[PDB]
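J.: Structure below; questions to follow.
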């Protein structure tokens, strides 16, 4: 998933698409949100 950076966080995160929240089964907890998509942390 994307190299897409988050706010405060260099490097990368996963680009998720038009989700208001990230899947709970994956392992995230930290994410940054950019409708109509998202990228998700940790990375």
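Every residue gets a Cβ built from N, Cα and C, even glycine.
These came from Swiss-Prot, pasted as-is:
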DISULFID  4-39  disulfide bond
DISULFID  6-32  disulfide bond
DISULFID  22-40  disulfide bond
J.: Which residues in the same chain, at least 6 apart in sequence, have a Cβ under 8 Å from the Cβ of residue 6 (disulfide bond)?
T.: 13, 30, 31, 32, 39, 41, 43
J.: Between the disulfide-bonded residues 4, 22, 32, 39, 40, where is the Cβ count within 10 Å the lowest?
T.: 32
J.: If one measures from the C-alpha of residue 22 (disulfide bond) to the C-alpha of residue 4 (disulfide bond), what distance in angstrom results, rounded to a whole number?
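T.: Rounded to a whole number, the Cα-Cα distance is 15 Å.
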J.: Per DSSP, to which secondary structure element type does residue 22 (disulfide bond) belong, with helix, strand and coil as the options?
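T.: DSSP call for residue 22 (disulfide bond): coil, neither helix nor strand.
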J.: In angstrom units, rounded to an integer, how far apart are the Cα atoms of residue 40 (disulfide bond) and residue 4 (disulfide bond)?
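T.: With distance taken Cα to Cα, residue 4 (disulfide bond) is 9 Å from residue 40 (disulfide bond).
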